[PDB]
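One chain comes next, on its own, written out as structure tokens in the form deposited in one PDB entry.
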């Protein structure tokens, strides 16, 4: 059973503001996109990686990644990007599983990727890696008034790679197109698909702000 990983890397990273689109930032000698691609490939369970990048960076992405990933242009939002990437999937020989993995989670351990794939092979149709909440979480209305504080025991913070049987992911995206989710599993939940969690890893944090970058730098050097 073949496993394809789709890597959305086409966002600009406005909250990061490092002078270049985020996926192309050089973290201690190596771009975030190459790091995220290595994590996937080093897992030993990913057969093909397809990366989606800004349309004017496809050449640069190719120079960086060479043979290691197929390159396509991303879209206006992450959902668009993923839809574009899914069109690459072979008609005649479709993979058994697809992972979707944010390039922004560049320090994701390969062991986490393998754990997601192991859960898929155990028969779960949709799998997401999760961690317990760090901060208290509150529901807040539009005027900044707290509505309440959900019981945290039943809440989790969700990471990527998220993994799916191919047919389920495709159906979910096709049906979702009949209706701004940031989370692939939400689309599967929407058509009544059932999602199982596995343990994530604090190292799979999304590099979003400069403080996230500082943390990534401290991890990587030393």
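Positions refer to the first chain, counted from 1. Whichever C-alpha set is largest while still superposing within 1.5 Å between the two forms counts as the rigid core.
Missing here is the form deposited in another entry; even so, the following discussion is about that form.
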The mover among 73, 131, 107, 119 between this form and the one not shown, judged by a CA shift of 2 Å or more on the rigid core, is 73
Using a superposition on the rigid core, decide whether the Cα position of residue 193 changes by 2 angstroms or more between this form and the one not shown.
-> no
Verify the C-alpha shift of residue 53 between this form and the one not shown: is it 2 Å or more after superposing the core? yes
Distance flag for residue 54 and residue 171 (Cα, change 3 Å or more) in the other entry: the two residues are closer
